[PDB]
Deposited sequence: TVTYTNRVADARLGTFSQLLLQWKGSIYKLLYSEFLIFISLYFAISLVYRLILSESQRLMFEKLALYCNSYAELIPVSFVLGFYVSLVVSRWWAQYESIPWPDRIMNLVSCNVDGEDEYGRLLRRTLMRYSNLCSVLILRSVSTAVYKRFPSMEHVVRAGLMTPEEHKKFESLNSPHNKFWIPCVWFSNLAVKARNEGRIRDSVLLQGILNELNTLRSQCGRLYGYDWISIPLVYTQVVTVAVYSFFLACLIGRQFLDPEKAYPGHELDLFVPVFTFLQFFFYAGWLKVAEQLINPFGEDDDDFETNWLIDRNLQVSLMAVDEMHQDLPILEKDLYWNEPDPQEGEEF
């Protein structure tokens, strides 16, 4: 199963390492052809004493430390951001059953509550993602996709605040469910409070995405691991050359014109640096798909599925 995953291209390592590899191939053979064709005899001698100096400081081992601890923090943080995505499904199961009414008003009342829950999720995704920000560059594009009505857009800007306004529909939700309770649509206080708790569960997950994006991996700690990988390949552009074996240096007794086991270390060390680079901004998760799923499912379960059940009949294991 791992033996066949090398041959895939889309989303693989070769599409991602296609540009940095051809730079490394170009800077390798250019230095080699200067040594092989251009430089004079004593100038070949000055290069060989420099390549032996560069070949010692390419210790493979302390580069493998800093890539291991860095990437393991990136992937761990990447898993926490997916667990912090607001799924509307817990509010959806309570709005669909405890907000009573099957007339025009109570149907409109349920559809407004689930449209506030998704709006409290879109307005944080368009600040932490670049794909959702390209889908909704302004607030008018949110109105065009029907997440926000033209009456809610005007109220959204009279509320004047210099901060991120993702918390606006999560206060509109709880004020509408109390207004729904005081008209008889929600029966009890216990059922009202159960709806208000799953709001604050989703309020807190939108408050984690608001925190993981703004507080990233430290920029100084990114820059350490990129120097040490580029420093390793810096010495390998000089140290891993094939010299002339006539001068009997230790470890250069065969010319091969191409370092096979050095270019495989490029797809190891630089490829394990591109792991952390692809995951440090994981929103450029199909989040345009994610919004289309959550909006379509939520409005479905509270409008087409409110108190209309299949017929209760006996199953196959009846006694």
query: Deposited sequence positions missing from the model - stretches, numbered from 1, in order; finding: 1-14, 299-303, 339-348
